RNA sequence: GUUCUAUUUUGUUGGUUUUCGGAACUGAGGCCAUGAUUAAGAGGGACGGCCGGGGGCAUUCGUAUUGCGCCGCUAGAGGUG
Ligand SMILES: [Mg+2]
Ligand SMILES: [Mg+2]
């Protein structure tokens, strides 16, 4: 729980995988390989109503909790892998992406590289909904 | 040339054969200014270099989706106005 044994003067790097969907936000810090989870706080566990799971306020609250727990383990800098739902469905990142990443930059973390890892398909299976679409 | 063959021919009655005309076939010739309109801003075809998500058969690659196995940390995740 103390963290890495290393002298100062260098950063130790983790990676946060941000999943900014339209229904909630996942802030999920892991090591370089991605195999070891270090802290996963979701935007939906910081609100009392499930209408606000995707709120930018929840994303800000989630990132602050992740950053504070990240400081405990000793990680100082993060690489960003922004991600929308992607795949067959919509590919634009949700409202929580902007606020979740801004919080990590204001909570003492150091931002490394930013990349987009949304899963675009070469072509996927037929999409949910009728031929007439989701009409309302 | 061959065949069939009308009738003028032999003084007046009978027999053959020509010529003579009519019909047919056939051999060797002369000659034509000897004999085929052009090649459609019609078409068919051949030929030459290309061109194309045209067609059929086989092969090869891609991420995504779903499902399963293992590993990590966690209490929520999904959807909706
Ligand atoms: Mg229906
Ligand atoms: Mg309407």
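Numbering starts at 1 and runs along the chain as it is shown here.
The header says electron microscopy, 3.1 Å.
Each residue, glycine too, has its Cβ placed from N, Cα and C.
The compositional bias 'Basic residues' annotation in Swiss-Prot covers A:127-136. Annotated SUMO2 cross-link per Swiss-Prot: A:46, A:48, A:91, in sequence order. The phosphoserine annotation in Swiss-Prot covers A:1, A:124 and is backed by similarity to another entry. According to Swiss-Prot, the feature phosphothreonine maps to A:118.
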Distance check, please: Cα of residue A:1 (phosphoserine) against Cα of residue A:91 (SUMO2 cross-link), rounded to an integer number of angstrom.
37
Mind tallying the compositional bias 'Basic residues' (A:127-136) by DSSP state, helix then strand then coil?
0 helix, 0 strand, 10 coil
Assigned element (helix, strand, coil) containing residue A:46 (SUMO2 cross-link), judged by DSSP
helix
Between A:118, A:124, which of the modified residues has the fewest other CB atoms within 10 angstroms in the structure shown?
A:124
Taking only the recorded positions A:1, A:46, A:48, A:91, A:118, A:124, which have a CB closer than 6 angstroms to any atom that belongs to ligand 2?
none
Hey, which of the recorded sites A:46, A:48, A:91 is the loneliest by Cβ count within 10 Å?
A:48
Neighbour count (Cβ, 10 Å) for residue A:1 (phosphoserine):
5
